[PDB]
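1. An experimental structure, sequence included, is below.
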Amino acid sequence: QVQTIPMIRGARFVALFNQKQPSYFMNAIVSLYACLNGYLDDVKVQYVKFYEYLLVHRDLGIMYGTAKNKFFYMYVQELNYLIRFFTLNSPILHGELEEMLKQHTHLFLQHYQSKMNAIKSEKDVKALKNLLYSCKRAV
Amino acid sequence: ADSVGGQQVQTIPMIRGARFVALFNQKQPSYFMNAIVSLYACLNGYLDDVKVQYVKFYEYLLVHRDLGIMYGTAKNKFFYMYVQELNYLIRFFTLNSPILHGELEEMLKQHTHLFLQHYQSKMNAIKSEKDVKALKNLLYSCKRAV
Amino acid sequence: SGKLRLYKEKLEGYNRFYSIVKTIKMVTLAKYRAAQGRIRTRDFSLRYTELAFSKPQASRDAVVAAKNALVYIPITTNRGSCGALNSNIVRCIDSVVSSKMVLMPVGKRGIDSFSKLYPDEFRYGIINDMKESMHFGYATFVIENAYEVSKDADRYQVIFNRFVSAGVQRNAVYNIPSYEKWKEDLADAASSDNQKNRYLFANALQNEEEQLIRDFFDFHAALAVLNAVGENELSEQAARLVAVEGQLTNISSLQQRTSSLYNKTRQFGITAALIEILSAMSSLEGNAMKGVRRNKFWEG
Amino acid sequence: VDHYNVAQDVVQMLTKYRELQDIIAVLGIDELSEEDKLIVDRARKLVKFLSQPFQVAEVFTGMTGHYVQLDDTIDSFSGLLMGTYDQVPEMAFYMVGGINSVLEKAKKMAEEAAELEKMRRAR
Ligand SMILES: O=c1ccn([C@@H]2O[C@H](COP(=O)(O)OP(=O)(O)OP(=O)(O)O)[C@@H](O)[C@H]2O)c(=O)[nH]1
């Protein structure tokens, strides 16, 4: 099974398309940009939904104190119209967008995926499945 | 279903299915006693050693003839295929009953032994231009005789 | 209606096709289930054969300097439906075509493919009925014919299929240099530091008599042929099972596409016939006209 | 949510059991991986556990009927999927209601087996 770059991103895109409720414009576009730029290459397919949830409804950098962005924090819903206005590739919002994405990817791979890859107990497996079910149904 | 090529293997279920599917060929309706007896014989394996082509002839001898009486070997007291009034006894008492089960098996065993010993042995030894035709005509006649 | 039954006949044919193909799967699975044993008992007969013939040489110097017949013995299956094995082998042979190429293919498909493709180069082919197990005698028959085809041959090559796993069937090559070139290399591996791994093996053969060496050469050549045909059979049955499954699914998709057109046709046929009748009913009703009513209208 | 997760897990296991069933046809169960031989054991227990004896047939079949509660069914299947009841024999799930019935049937089967073995040793 040869997995080139297009194949990896396509699979991640398909997983992201799984939705139950309509998504806010800022959350959806940000997640699409992250996947398009390869930030989810290291993230396993089954963990994409959990990765997306942490990006929208959580903030890892603030949690672990490694964030320095001035404005581009995803809890700021007001940024949606700023993104709609300029673009996600504008120099105004491009640098901070990359920085927060890199920090979020680095923290997720370091803390969450590493632990999820080291689960063998049947009880823990059941807990992980329940967690994935909840995340898939909620962003 | 696997017999379309592959040289279908003759297990006991197949060895008995073929006889069943060959006993179902008939022209005139069969008296209940004759039909039930023939099915029972094929069900318990008395026709396993009988070739599929000779089944109808075997059934005809069982019904319209009595090999045991012919060779003076029959030992049953009442259970004979020429007693057409046993039909209602069989209807009241199933063939799998001690009243009739013992004699039924004895008659079937004796008839099967005599048939293999005398008739089928000669059939497998037919080598001629007229005997083969006579055998073929006989089998066809027995096909539509019972 | 004939049109509706045309689909029904078409779908009737596809049904029998599925049954027959499924019967093919049953046959191959039995042969594969009994041919799976070699997987356990292989990879040990050809140990000193490696030393005799294993020479990772370049692919150009070997064929460029051919002054004598280069004989090829591709392994091909008698029956089709195997897959791309025969096609790839032909591609592997087409890639090595030369002036001195002689072909002695194995199997009807190889003969049929190469008799048309390479009539002049093709001399004749060997055919084995897949009734007994692939034995030494068959390999000895391949070699004897190969020598008689071209005794003064620079090399004899065998191109077969190696069954790596149930879903992996690669193409493998056994190149067998004739006696003169082999004994010359065996003489250099003995004297010289070059070919260290073969130094002890070569000197242990030069000590013995020549006839023994010739017998040794033929014997190991036969073993290589025996391995190739044995593997090519196992790859064949494994490939046929994969291919037959593909045919089953293709014949199932057609059964689901011709059934829809048959159930769509019956619905349209019922609707149209009924519409025709009602149109005639309405025409005969419209042409009818009510006459003057001859009743006591005043009496009311 | 627990009901939905259990139901989807059961469906997934049954679907996998079908593909594994076809794989063994070409291979044999001994070839399958030990994950796919624990999954072919749990699935068979599930198939047997979805049967049930109905009280309407208490007369013509002779077996006391069962009326399994919703919560009891969810818990029983959830435990089975995890692997808690991996020691119970397969037949203990056949024509039973709930998890307690499974335990009772298993004990009766164990007692019957012990008595038969004890009788055999005597002779
Ligand atoms: O006139 C001769 C001389 C030698 N030879 C053959 O050359 C080889 C030399 O063989 P070796 O010198 O290596 O050993 P050896 O005498 O112990 O051999 P064995 O009898 O144990 O096999 C042996 O195989 C011998 O038969 C002949 O056949 N004829």
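-> Cool, the structure landed. Numbers count the residues shown, from 1 in each chain, chains lettered A, B, ... in the order given.
2. State the helix or strand in which residue C:31 lies.
-> Taking DSSP states H and E as the criterion, residue C:31 maps to helix C:2-35.
3. elements contacting that helix?
-> helix C:210-287, helix D:2-27 (3 or more CB pairs under 8 Å, 6 or more residues apart in numbering or on different chains; DSSP states H and E). Bear in mind the C-beta positions are built from the backbone N, C-alpha and C, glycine included.
4. What's the separation between the single nearest residue of chain A relative to chain B and residue A:8?
-> In chain A, the residue that lies nearest chain B is residue A:1 (35.3 Å; CB to the nearest CB). As judged by CB to CB, to the nearest Å, residue A:1 and residue A:8 stand 12 Å apart.
5. Repeat that for residue D:18.
-> 30 Å.
6. Please apply the same query to residue D:89.
-> Taken as CB to CB, the span from residue D:89 to residue A:8 is 46 Å.
7. before we move on, what about residue C:85?
-> According to CB to CB, residue C:85 and residue A:8 sit 32 Å apart.
8. So between these two, which is more surrounded?
-> residue C:85 (22 against 17; other CB atoms under 10 Å in any protein chain shown).
9. Quick check: closest non-adjacent residue to the more buried one.
-> Excluding the flanking residues, the one nearest residue C:85 by CB to CB, 6 or more residues apart in numbering or on different chains is residue C:161, at 5.1 Å.
10. Just to check, the one you found is in contact with residue C:231?
-> Yes. The criterion here is CB atoms under 8 Å, and residue C:161 meets it with residue C:231 at 6.4 Å.
11. how many neighbours does whichever residue of chain A sits closest to chain C have?
-> Nearest to chain C in chain A, going by CB to the nearest CB, is residue A:1, at a distance of 11.3 Å. Residues lying near residue A:1 (other CB under 10 Å) number 3.
12. Also residue A:39?
-> Neighbour count of residue A:39, defined by other CB under 10 Å: 21.
13. Can you list the neighbours in contact with stretch A:10-17?
-> Residues outside stretch A:10-17 that contact it (CB atoms under 8 Å, 6 or more residues apart in numbering or on different chains): A:31, A:32, A:35, A:36, A:40, A:41, A:43, A:45, A:48, A:49, A:52.
14. who touches the third one in this structure?
-> By CB under 8 Å, 6+ apart, the contact set of residue A:35 is A:9, A:12, A:13, A:16, A:48.
15. I'd say residue C:262 and residue C:4 touch.
-> Yes. Between residue C:262 and residue C:4 there is a contact under CB under 8 Å: 6.6 Å.
16. and the longest helix for chain A?
-> helix A:91-108 (DSSP state H).
17. Dump that one to PDB, restricted to CA.
-> Provided in PDB are the C-alpha atoms of helix A:91-108 (Å, rounded to 0.1, in the frame of the first residue of the first chain):
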ATOM      1  CA  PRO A  91       0.300  38.300   5.800                       C
ATOM      2  CA  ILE A  92      -2.000  39.800   8.500                       C
ATOM      3  CA  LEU A  93      -3.400  36.500   9.600                       C
ATOM      4  CA  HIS A  94      -0.900  34.000   8.000                       C
ATOM      5  CA  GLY A  95       1.900  34.100  10.500                       C
ATOM      6  CA  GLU A  96      -0.200  33.600  13.600                       C
ATOM      7  CA  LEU A  97      -2.300  31.000  11.900                       C
ATOM      8  CA  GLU A  98       0.800  28.900  11.100                       C
ATOM      9  CA  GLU A  99       2.200  29.400  14.600                       C
ATOM     10  CA  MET A 100      -0.900  28.200  16.500                       C
ATOM     11  CA  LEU A 101      -1.400  25.300  14.100                       C
ATOM     12  CA  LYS A 102       2.200  24.200  14.600                       C
ATOM     13  CA  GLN A 103       1.900  24.500  18.400                       C
ATOM     14  CA  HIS A 104      -1.400  22.600  18.400                       C
ATOM     15  CA  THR A 105       0.000  19.800  16.200                       C
ATOM     16  CA  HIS A 106       3.200  19.500  18.300                       C
ATOM     17  CA  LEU A 107       1.300  19.400  21.600                       C
ATOM     18  CA  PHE A 108      -1.300  16.900  20.300                       C
END
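18. Now do that helix: which elements does it pack against?
-> helix A:25-36, helix A:48-57, helix A:60-64, helix A:79-85.
19. so after it, what's the next helix or strand?
-> Next along from helix A:91-108, by DSSP H and E: helix A:114-116.
20. quick one: the following helix or strand past that next one to helix A:48-57, angle?
-> Next helix or strand after helix A:114-116 toward the C-terminus (DSSP H and E): helix A:122-137. In terms of direction (axes from the mean of the first three to the mean of the last three CA atoms, to 10 degrees), helix A:122-137 departs from helix A:48-57 by 60 degrees.
21. residues in contact with helix A:122-137?
-> Under the contact criterion CB under 8 Å, 6+ apart, helix A:122-137 has outside partners A:18, A:20, A:46-47, A:49-50, A:52-53, A:116, A:119, D:1, D:4-5, D:8-9, D:81-83.
22. Run the chain-centre distance for it.
-> 18 Å (CA atoms, centre = their mean, to the nearest Å).
23. can you check stretch A:69-89 too?
-> Relative to its parent chain, stretch A:69-89 has a centroid offset of 16 Å by CA atoms, centre = their mean.
24. Same question for stretch C:142-160.
-> With CA atoms, centre = their mean as the basis, stretch C:142-160 stands 23 Å off its chain's centre.
25. Give me the most central residue, the chain.
-> Reading this off chain A. residue A:52 (3.4 Å; CA atoms, centre = their mean).
26. wait, chain D
-> residue D:45 (2.8 Å).
27. which ones are touching the spatially closest residue to that one that is not a sequence neighbour?
-> Take residue D:45 and drop its neighbours on the chain: the residue closest to it by CB to CB, 6+ apart is residue D:93, 5.1 Å away. Listed by CB under 8 Å, 6+ apart, the contact partners of residue D:93 are D:45, D:46, D:48, D:49, D:102.
28. switch the cut-off to 10 Å
-> Residue D:93 is in contact with D:44-51, D:76, D:80, D:85, D:99, D:101-102, D:105-106, counting by CB atoms under 10 Å, 6 or more residues apart in numbering or on different chains.
29. Just the buried ones from those, in PyMOL syntax?
-> To isolate the buried members of these in PyMOL, using 16 or more other CB atoms under 10 Å in any protein chain shown:
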select buried, chain D and resi 45+46+48+49+76+80+85+99+101+102+105+106
